[PDB]
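Listed next as structure tokens is one chain, alone, in the form deposited without ligand BFQ.
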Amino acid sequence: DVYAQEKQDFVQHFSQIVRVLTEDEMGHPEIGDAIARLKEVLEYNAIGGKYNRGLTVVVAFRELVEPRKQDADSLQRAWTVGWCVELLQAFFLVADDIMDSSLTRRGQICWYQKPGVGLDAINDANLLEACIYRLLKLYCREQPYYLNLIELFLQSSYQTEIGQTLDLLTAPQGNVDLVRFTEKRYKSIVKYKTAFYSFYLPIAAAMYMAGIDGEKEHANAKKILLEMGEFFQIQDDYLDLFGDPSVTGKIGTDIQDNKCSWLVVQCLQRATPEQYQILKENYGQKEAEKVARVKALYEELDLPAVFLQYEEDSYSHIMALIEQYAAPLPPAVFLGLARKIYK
């Protein structure tokens, strides 16, 4: 609802964003050919998703700021900082698809997979990260929260990177070692690699634009938000194997890709030498036969039930956190998000 009647103005602001990131640079015809390429990279990797992160910035902005302080200017910046979050993600995904050796993303071909692009996508991903800061300068240069956003995005980039390193160390491409797929490692990965930039960064940004820069306040928001992030990912791994493609719009391949899914992490705890022997035998196989075997071992261990139980507790805990750390923020800011992820 609140997101539905915002997407319009949001996705429409992308044309300005692109225009700015190119027309101004055209003051130097020498790099005109590069700027042309830059436009292709943006119109292909930025556009496409549901913009839930980018919009969270816009949505949270309206709530945190007084109705009469949301003039044209303030909204223009908000939509910009909103797209910056979206660009940061584009940067992460473009680069991750190369490392993981992915074929598709959002059903379409991965940028580096297109003919003529290849590994040059590495530079393209870096350009995307660069645009973030060019925008912060073109729109918030004079704002009192300018240095806060620059440091926010930088910090988020770092956290996601450290997280990405952990994941790589945990599941080496060519090392089906389910031994290091602990629950403790799973949470550390989700926190740094997903939770931080997916839930905290969007809100944190909005807060700074609203003048809420108090460390303690951000310390409470981050507390709530990282819990939602942790649930979001666990629901994502679950749905990937027990979900319905016609609804989720995605085809699960976690077992095949030999990922450190939440399921397999649980499957390893509640398991006996006989259970493990089987799992350690059909995990990471491209056989429609061996995959169905792992799924069976999950159902057999009541993992689906373990999920529901976790979801139930989770929702309670989040609400408990919200009833205590929401203030001075409007509970609606966190309630709206919870009602977005707890499908």
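All residue numbers refer to positions in the sequence shown, first residue = 1.
*Asks:* Give the stretch, out of 16 to 24 and 329 to 337, with the larger mean C-alpha temperature factor in the deposited entry.
*Replies:* Result: 16 to 24.
*Asks:* Report the stretch with the higher mean CA temperature factor, choosing between 131 to 139 and 248 to 256 on the basis of the entry.
*Replies:* In the deposited entry, the stretch with the higher C-alpha B-factor mean is 248 to 256.
*Asks:* By the entry's C-alpha temperature factors, tell me which of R53, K290, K39, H317 sits highest.
*Replies:* Highest C-alpha B-factor among the listed options: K290.
*Asks:* Please pick out which of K114, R77, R270, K223 has the largest Cα B-factor as recorded in the entry.
*Replies:* Answer, based on the entry's C-alpha B-factors: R270.
*Asks:* Quick check for you: using the entry's CA B-factors within this chain, is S261 in the lowest, middle or highest third?
*Replies:* Middle third.
*Asks:* In terms of the chain's CA B-factor thirds, is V59 lowest, middle or highest?
*Replies:* Middle third.
*Asks:* When the modelled residues of the chain are sorted by Cα temperature factor, does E151 land in the lowest, middle or highest third?
*Replies:* For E151, the deposited C-alpha B-factor lands in the lowest third.
*Asks:* Based on the deposited C-alpha B factors for this chain, I'd like to know if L241 is in the lowest, middle or highest third.
*Replies:* According to the entry, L241 has a C-alpha B-factor in the chain's highest third.
*Asks:* Determine, from the deposited record, the chain-internal third of the Cα B-factor for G107: lowest, middle or highest.
*Replies:* Answer is highest: the recorded C-alpha B-factor places it there.
Keep in mind that the form deposited with ligand BFQ bound is missing from the display, and what follows is about it.
*Asks:* Considering non-hydrogen atoms and a 4.5 Å limit, does ligand BFQ approach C140 in the deposited complex?
*Replies:* Because no heavy atom of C140 falls inside 4.5 Å of ligand BFQ in the deposited complex, the answer is no.
*Asks:* Given that ligand BFQ is not shown alongside this chain, does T160 nevertheless sit within 4.5 Å of it in the deposited complex, heavy atom to heavy atom?
*Replies:* Although ligand BFQ is absent here, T160 would touch it in the deposited complex, with heavy atoms inside 4.5 Å.
*Asks:* Flag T194 as yes or no: does it have a non-hydrogen atom within 4.5 angstroms of any non-hydrogen atom of ligand BFQ in the deposited complex?
*Replies:* Answer yes; at least one heavy atom of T194 falls within 4.5 Å of ligand BFQ in the deposited complex.
*Asks:* When the contact criterion is heavy atoms within 4.5 Å, does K187 count as touching ligand BFQ in the deposited complex?
*Replies:* No, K187 sits far enough from ligand BFQ in the deposited complex that none of its heavy atoms falls within 4.5 Å.
*Asks:* Tell me, please, which stretch of 228 to 236, 131 to 139, 145 to 153, 264 to 272 lies within 4.5 angstroms of ligand BFQ in the deposited complex when heavy atoms are compared?
*Replies:* Contact-bearing stretch, as computed: 228 to 236.
*Asks:* Please pick, from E183, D73, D100, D177, the one residue with any non-hydrogen atom lying within 4.5 angstroms of ligand BFQ in the deposited complex.
*Replies:* When ligand BFQ is considered in the deposited complex, the option within 4.5 Å is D100.
*Asks:* Which residue, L166, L241, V117, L93, is the contact with ligand BFQ in the deposited complex, using a 4.5 Å heavy atom cutoff?
*Replies:* Checked against the cut-off, the match is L93.
*Asks:* Take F153, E86, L225, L128 and report the one at the hinge of the rigid-body rearrangement between this form and the one not shown.
*Replies:* This hinge corresponds to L225.
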